[PDB]
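See structure below.
As a convention, Cβ positions derive from the backbone with ideal geometry for all residues, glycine included, and neighbour counts pool all protein chains shown. Read-outs: derived from the displayed coordinates by stated rules, not from any lab.
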Ligand SMILES: [Cl-]
Ligand SMILES: [Cl-]
Ligand SMILES: [Cl-]
């Protein structure tokens, strides 16, 4: 069998050059592809393997030269398959793509960094190969900015990176498949060690094939569109994978680099340099399955996982903490704890007072066990019997004895011992707390409007809905300044109103350690924030959540600093916020309203103005970056994006969404996790002391014109074109995506793109390799300013080379274009769109090509991603696998929607099209990862 | 430095003695090395110091890797000093002339150290070396090429501290440690066994086990019949837990309440599923 | 028990039903599930203190200074209205918390256990209205 010779050729034709000297990516992918196809032949026959290989060879042939003949060949084969062979081929290409992603992660993890490749400016910070590590960022602050070491250390102490993990917009990959992927990565890595013996290599190859087959032989359908509890279980997998051990690894590295610049202290173990938040189970915005019980559930589950990991982790700590010399305080506490009544009988019959650290640590272990057991009982029943005094309820109870051990050990010169497992444990307690993640709530402001309208209607004051914004403000301010409650059990509650109030009741019935922020979707005016503050207090929330408005539409972004100023001017709100105010901006959402360029530039300006307001009133402004941003990309780019943020918008608290489509690339691997946490911490540290350049005024004026032209084009296409929605429902799988499910994709099932949610808007166009929501508007803007003045191109180029914000924006567009193909979208059109609607797509695709050519001119590139050949190489590798899933999805849709489209089937190939469709959706989605 | 490894021994038997690969394989099948662990003639080193010694070895090893970065080397050096001082600052005289139960606990440390993972690694290497002489089979998994016996708690010759209760104790402790390790290992085994295609016999057993009414709520709300290997293995996990808890009760009391039918008493019950 | 009595009478076994069964029924009726029904008793001055902390916390004045008719007015508007009176955000002294807790205990137990709430030193209708109000507002 010399089929292996052919796939070696096609891969080498797809990626011919070597982007370094350790570039083994083509080798890795060829190895995985050979093993997988062999497994495929063994399991489903020779004819099936030859069919799959012919399809892939044709797809790589397409992604090389883009001859539409190749697409016609792929389709010719893919329609002749009966549904069974269709499912097999789709599953096959999904898994091959996953293997390609693992090869990429190995390459990135072990690519040698080249110090002679850095240029010396901020552009270095846009790729992992040249970005500054923590110590390079330190020395850069010391050299260019004359910042003293002790200043850098103080800055680090009070800094916080808060990563918010979101549910996957499609398949949150199972925890088991995460582990199998990890095994495949490890086998792949060790196979290329320059010291492995032939028997080690044979057994490694055997384990690699073994794992690949294990992955291919598990189903990814059936059961339910996973309950939010299950989705949350899968989401927390990355703590067991890399993050739990990874946090203290990173922190210790910070300690080392601080030493390597003269700082003799360590980063205080309680300092929250890294924190994690979760939306899984808390985001209700247009999502009815997220009920109050779901929220209580995910809080309790998280507390169980936390207690569990602390329990298993603390035993090794007990083995290490065998000293006897100790502090008088610790001696007293050990004798005190020894006066009491089973969880260490395999280790020691009982812990003697001659190992006091083990005594106290054993008590902490016991309390941890009782905490897990208690939370389990509350989850599965509703009450416990476990005395809350026998558990840990707040973080200070947990930290107090551990800190006693640390101080005590330091009293006796055992500081080095204390800086071991004890230090890593303390740092885990500070990072993860009793809950691992803190839950963020999100809800439409209209739902609070419904609650308050039923409240006022019940009190015979009128309808809160009819009242003007200022009349609402008056009522809410008088009610907040008074102490008299609002309502009781005697309140006509609809289904939605009861859901809202019950949500708040659940928030009040749980520890405040479990919750982060309550976030108001579709925020427009101060009554929307005041409403939530009021409902919180009237639901008896003891320690109330900080209320964070999410300004989405364009006019809302223009109105935002005024609304935040009015809020800051009210004494009640100024006293409640205690000098901190958080505002959420959703790049994807704002782009859905007004196109991407206008949304970006409007968000930069809005952050500037909000900083002006917060400086006026002495409020520390923290910006929360939602899905779609430049800070949501994977890897290197994130660094520059953080550096690019407007000055004094971060201020020691960076809050970014870790989008589901990227979390594997950011935390799936040990090294990847370290370098992610590193670039977040270093980029935050530097931006706090080295703001990006203030834009030249001609840049701001130019961007204002471009924003105008862009939004005009975008809205004229998406909203004003009457026969757009029809095209949207044909040229795109949005309808099938909503009908299948994931969640609901429409707030109002009967409306238009306005009421369509942002995630399905981005997704629907991402599946067809078209990405309309990301680039529409750039074309007419760049075109218009180049025509208005010959020299304006030179200005745009100037910005791309010197203004970080503009560079990161244009770069993201460039990357999305690297993922795009107008011919595939044209294939979807040819199969699913009416003939009289064909020119509509045609013109749109013209806008694509022109915008592509225009973006290049701004960046000074002749090809796409000319400045980051590593990423270009990787995306080129994936596209060959994804394209097959494209043709298959298009023809599958034509087969589902039209039973009048009969095809001469081919006989089934060796040992319900909807399952195929879901496979292609998950595959294409997983391969394209983040766009906009 | 010059002794024959497993494969060099294979090649010497095949070349110099004209023994066929089949004969070597049968001889291996029916062969058994039974290693008997005896109590230490003085200090049976504590388990904590065994782990500290292991860490010191690991730091020393990684410090001389020809590919480590300056920061890794710096942090490894610090971890080595940390462990050396950690070892030196523990007392080893105080308390009791360790109860034979304690001496036995310390003796069994090496199963957790290297042996538990070490046995299947060695066996797998036997499989590889057998492939390299033409043998397509693996060494049968139930064939006892390696066995472990212990005198800790059983040798009474001129040693009155070894009472019958001491023997009962070390037997129950050993069954506990075994049940623990099987329980912890079968978790990862359950994550791996996510297939759906299965045997008619195994399908029957999976549907049958599904006919019943807690140890996997952090992983899966419940295991469905579309993951039958996870069904059978989850039941085995449950039986392991009941075995450990039962032995714990028998050790600490003298009776249980755990029905012996819900545990593993003999090896065939364990191996069958 | 009543089913048993009816049944025995059905078959002309009334004399039997008028025996231990009758004594049992009568004991169930006389003593109920508690033997006795507890009467609560508290001074009116303490309810005045609770209402004073409530009105002071609402910045409407001090219920203690109010005339008997002003008290009556406020208590009646509160009783006919549908908006509650106070919440957890309430400065409770030891005695004030004691009174409110008494009402909470009364709300958390079966009504078979209680008889009457009795106001020591009663002088004017505001004291009775006060207890009725606190009763309704402690659920
Ligand atoms: Cl659940
Ligand atoms: Cl800042
Ligand atoms: Cl014992």
Spin-label model distance (nm) - residue A:470 vs residue C:123, 7 Å beyond Cα toward Cβ: 4.9 nm
On a C-alpha basis, how far is the centre of region B:75-102 from the centre of region C:66-125 in Å? Whole number, if you could? 66 Å
From the Cα centre of region A:458-508 to that of region A:692-712, the distance in Å is 42 Å
Calculate the spin-label point distance for residue A:905 paired with residue A:787, positioning each point 7 Å from the Cα along the beta-carbon direction, and give it in nanometres. 5.4 nm
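Using DSSP, restrict attention to beta bridges with both residues in the protein assembly as shown and report what percent are antiparallel, rounded to the nearest 5. Present the calculation step by step, with values, prior to reporting the outcome.
Working: 1 of 44 bridges.
Taking every DSSP beta bridge within the protein assembly as shown, about 0 percent pair in antiparallel fashion.
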Against the longest alpha carbon principal axis of chain C, how many degrees, from 0 to 90 and to the nearest 10, is the axis of helix C:44-57 turned? 50 degrees
Give the order of A:775, A:348 when sorted by the count of other beta carbons within 10 angstrom, beginning with the fewest. A:348, A:775
Expressed in angstrom and rounded, the centroid-to-centroid distance over alpha carbons for region A:650-665 and region A:160-228 is 23 Å
On full extension of the chain, what length is gained from residue A:354 through residue A:575, given 0.36 nm per residue of separation minus the C-alpha to C-alpha distance? 74.4 nm
If B:109, A:755 are placed from fewest to most neighbouring beta carbons inside 10 Å, the sequence is A:755, B:109
Assuming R0 = 22 Å, what is the FRET efficiency of residue A:373 and residue B:213, from their Cβ-Cβ distance, to the nearest 0.05? 0.70
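Please arrange C:4, A:326, C:11 by how many other C-beta atoms lie within 10 Å of their C-beta, fewest to most.
Working: C:4 12, A:326 22, C:11 9.
In increasing order of surrounding Cβ atoms, one gets C:11, C:4, A:326.
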Label zone at residue A:913 (point 7 Å along Cα-to-Cβ), backbone N below 15 Å, region A:854-893: A:886-893
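I'd like the FRET efficiency for residue A:694 and residue B:189, computed as 1/(1 + (r/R0)^6) with the beta carbon distance as r and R0 of 60 Å, rounded to 0.05.
That pair, residue A:694 with residue B:189, gives E of 0.50.
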Just grab the label-to-label distance for residue B:260 and residue A:739, each label 7 Å out from Cα along the Cβ direction, in nm (one decimal). 6.2 nm
Everything considered on the Cα gyration tensor (a ≥ b ≥ c; rounded for a/c under 1.5, else prolate if a/b is larger than b/c, else oblate), region A:261-343 must be described as oblate
Backbone N under 17 Å from the residue C:20 label point (7 Å along Cα→Cβ), restricted to region C:28-51: C:28
Using a 10 Å cut-off on Cβ to Cβ distances, tally the other chain neighbours for every residue of B:79-92 and report the average as a whole number. 5
